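Down below is the structure, laid out as structure tokens.
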Amino acid sequence: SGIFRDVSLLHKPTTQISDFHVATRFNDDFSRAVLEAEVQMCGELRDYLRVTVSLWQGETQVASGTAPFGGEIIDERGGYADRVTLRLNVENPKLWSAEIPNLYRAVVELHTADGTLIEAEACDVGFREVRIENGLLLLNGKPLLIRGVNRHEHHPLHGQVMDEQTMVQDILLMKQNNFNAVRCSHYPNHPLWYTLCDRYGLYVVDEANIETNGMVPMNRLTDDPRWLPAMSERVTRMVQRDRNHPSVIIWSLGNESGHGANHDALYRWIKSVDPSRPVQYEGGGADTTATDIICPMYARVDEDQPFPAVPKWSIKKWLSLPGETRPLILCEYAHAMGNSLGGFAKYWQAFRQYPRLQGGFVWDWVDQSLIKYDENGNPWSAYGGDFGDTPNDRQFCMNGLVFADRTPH
Amino acid sequence: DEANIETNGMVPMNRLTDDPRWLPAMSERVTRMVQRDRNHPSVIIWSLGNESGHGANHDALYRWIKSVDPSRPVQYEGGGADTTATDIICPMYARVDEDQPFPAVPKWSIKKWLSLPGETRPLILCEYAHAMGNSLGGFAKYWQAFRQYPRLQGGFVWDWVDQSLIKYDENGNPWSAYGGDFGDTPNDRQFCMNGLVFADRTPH
Ligand SMILES: [Mg+2]
Ligand SMILES: [Mg+2]
Ligand code: NA
Ligand code: NA
Ligand code: NA
Ligand code: NA
């Protein structure tokens, strides 16, 4: 517990940019794109206001558009007079991927038409399209193969406080070890993480901070309408904050909360508000109506585990169950606890062999061990119960490919 | 029940089946079979023939059947086993786990075939586990997969009975003959004996 992320003070003008969303759509071969940026303002709405969105590739301005406020008519009562959408055509855009994280910079200027900049906001833009078609998850029209890992925000000395150095260190090692994707198990991350995955190039699954694993049955709260509002905020505010980051390619509804009607409602909300990214969610059996991707945790390659209600079928058999057509990407596999990863190669052979087997995210990146000091004052790695904590789950907090100080296992 | 149409020896295999001048002759082999056997309950699936590639004549006949007798699915393996002329993926000799990616008509592992992008049909091998000589090695492997995968619905082993013919030696004693044993040439030697049982019905 505590104030474990940054605290800051922001000054905004009375007439200001209150939100902005950037989308990139493409022609059939990705040789042409349209960048569309919807901008909303709060404050003093007057005819002289304008929005200029300019797109830069390095120090070169590749495109720009200026428009007064007032969006298209949307219904019988009119349109959003406090919003404007700029559309910029971009030819032969440099596409973003984890392989080549090409980025442009979009600058959003709120200003008077005669030239006074009120304020400007901006973001890195990655031209990429994410879509599932014919059962496959495609990125820029090509099917991905996710070499993913789940990563908690953990530091042996600072607990859950993240810092730039540490994040960088993890992203370098991930890449140096041929990972191309990370799942935010199981909550939105510190904001700099996204900046870094955008820039270094990692595909990201951004996950709502919703986990009710300990309930009995697990969907007791998620199927309860009285918990819809609390859950809604966790999903909606995440999307509102992270929707312009190219690194985020998939949204997840949370983790181990069973399958409740709240999930269905929220799945739909995202699909309406942000059609650019698939939505996934493993609870309730990993292939529920609340997921665009079959995203089991620990389903084996050839061996079925037919538990009642939420069986974990062999991943190869799961893809072809009668009527199933979705791609399958394990949200968690290859539990790296202690001396483990036995059978890892079996997964990779299947993934390469079956098109719709598109990978998975290893559980997990770093052991959650904490440093304790002995009588002599020498540091030692502690786990569950080492702080008097009880009940506790002992060494179950250490499941990483790397030790808490980033030394590899 | 399978129409008497096989043009395996053409190059390419569908040279006649894709030619409309052969549509009439092919059509009678299909339509006349259906006219004859359509009242038999034992017939559950119609087949457009065998090893004749995939030509437009197959598509035309596939629809004819679907149109006159909606009661039984239509299958046909030619052209890759999963063409538009078949309601069932029905490969011959596709393996359980191993892919055989031949160009144009690959034979995927059956487990994988089921799940190719967009595929939804059931898969029943029209021929598998070629029982020629001392064979049937790996037969359990197919059965374990058919039981584990709902859409893997079995197959037809190749084949029931050895096609050997009886010849008689000088003393008049009979012996089992195969390709070339009658002066026939060219011939394919022992490839006519692929049965689970010998010609006389004794089991292998
Ligand atoms: Mg305990
Ligand atoms: Mg010969
Ligand atoms: Na694959
Ligand atoms: Na754990
Ligand atoms: Na089966
Ligand atoms: Na033969």
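Here, each number is a calculation from the coordinates, and none is a lab measurement. Heads up, the Cβs are rebuilt from the backbone with ideal geometry, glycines too, and the neighbour counts pull from every protein chain shown.
Residues considered: A:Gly338, A:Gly343, A:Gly388, A:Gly323. Of these, the only one that is on the phi > 0 side of the Ramachandran plot, surrounded by fewer than 21 Cβ atoms within 10 Å (Cβ to Cβ) and either within 13 Å of chain B (Cβ to nearest Cβ) or among the basic types (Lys, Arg) (or both) is A:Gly323. In segment B:62-78, the count of residues that are crowded, with 18+ Cβ neighbours inside 10 Å and either within 14 Å of another protein chain (Cβ to nearest Cβ) or in contact (Cβ under 8 Å) with a residue 60 or more places away in the chain (or both) is one or more. A search for C-beta distances below 6 Å between a residue of segment A:193-213 that is assigned to a loop (DSSP other than H, G, I, E, B) and any residue that is acidic (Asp, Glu), counting only pairs 6+ apart in sequence or on different chains, returns A:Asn213/A:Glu256.
Against the list (1) away from chain B (no Cβ under 14 Å); (2) more than 26 Å from A:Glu99 (Cβ to Cβ); (3) touching a residue at least 24 places away in the same chain (Cβ under 8 Å); (4) not in a loop (DSSP other than H, G, I, E, B), the condition A:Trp251 fails is (2). Can you tell me which residue within segment B:103-130, out of those that are more than 10 Å from every other protein chain (Cβ to nearest Cβ) and on the phi > 0 side of the Ramachandran plot, is nearest to the chain's Cα centre (by Cα)? Among those that are more than 10 Å from every other protein chain (Cβ to nearest Cβ) and on the phi > 0 side of the Ramachandran plot, it is B:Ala129.
Residue by residue, here is whether (1) of a type outside the set (A, V, I, L, M); (2) in a loop (DSSP other than H, G, I, E, B); (3) within 14 Å of ligand 4 (Cβ to nearest atom); (4) touching a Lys or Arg at 6+ places or on another chain (Cβ under 6 Å) holds:
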{"site": "A:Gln349", "(1), (2), (3), (4)": "yes, no, no, no"}
{"site": "A:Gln368", "(1), (2), (3), (4)": "yes, yes, yes, no"}
{"site": "A:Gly377", "(1), (2), (3), (4)": "yes, yes, no, no"}
{"site": "A:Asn399", "(1), (2), (3), (4)": "yes, yes, yes, no"}
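Restricted to segment B:84-102, and to residues that are polar (S, T, N, Q) and either buried (at least 16 other Cβ atoms within 10 Å of the Cβ) or away from chain A (no Cβ under 14 Å) (or both), which residue is nearest to B:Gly137 (Cα to Cα)?
Per the criteria, the residue is B:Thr86.
Residues of segment A:351-377 that are under 17 Å from A:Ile293 (Cβ atoms) and within 14 Å of another protein chain (Cβ to nearest Cβ): A:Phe351, A:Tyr354, A:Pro355, A:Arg356, A:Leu357, A:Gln358.
When the criteria are applied in full, B:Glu127 fails the requirement of being within 16 Å of ligand 3 (Cβ to nearest atom), under 29 Å from B:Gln75 (Cβ atoms) and of a type in the set (D, E, K, R).
How many of the residues making up segment B:140-155 are closer than 15 Å to B:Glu98 by Cβ and away from chain A (no Cβ under 14 Å)? Looking only at that region, the number is 1.
For first residues located in segment A:384-403 and of a type in the set (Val, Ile, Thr), partners that are within 13 Å of ligand 4 (Cβ to nearest atom) and lie 6+ apart or on another chain with Cβ distances below 8 Å form the pairs A:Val402/A:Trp365; A:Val402/A:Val366; A:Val402/A:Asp367. Of the residues examined, B:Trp46 is not one that is surrounded by fewer than 21 Cβ atoms within 10 Å (Cβ to Cβ), among the aromatic types (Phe, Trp, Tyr) and on the phi < 0 side of the Ramachandran plot.
The residues of segment A:271-326 that are more than 20 Å from B:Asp97 (Cα to Cα) and in a helix (DSSP H, G or I), listed by number, are A:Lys271, A:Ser272, A:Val273. Starting from segment B:1-18, keep only residues that are more than 13 Å from B:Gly79 (Cβ to Cβ), then list their pairs with residues that are acidic (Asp, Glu) and assigned to a loop (DSSP other than H, G, I, E, B) whose Cβ atoms are within a distance under 7 Å, requiring at least 6 positions of separation or different chains. Going by the 7 Å Cβ cut-off, the qualifying pairs are B:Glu6/B:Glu51. Report yes if B:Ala81 is aliphatic (A, V, I, L, M) and either within 14 Å of chain A (Cβ to nearest Cβ) or touching a strand residue (DSSP E or B) at 6+ places or on another chain (Cβ under 8 Å) (or both), otherwise no. Here the answer is yes, as B:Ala81 does meet what is asked. Do the conditions hold for A:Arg352, that is, is it surrounded by fewer than 19 Cβ atoms within 10 Å (Cβ to Cβ), away from ligand 2 (no atom under 16 Å from the Cβ) and under 17 Å from A:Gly148 (Cβ atoms)? So A:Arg352 passes the test.
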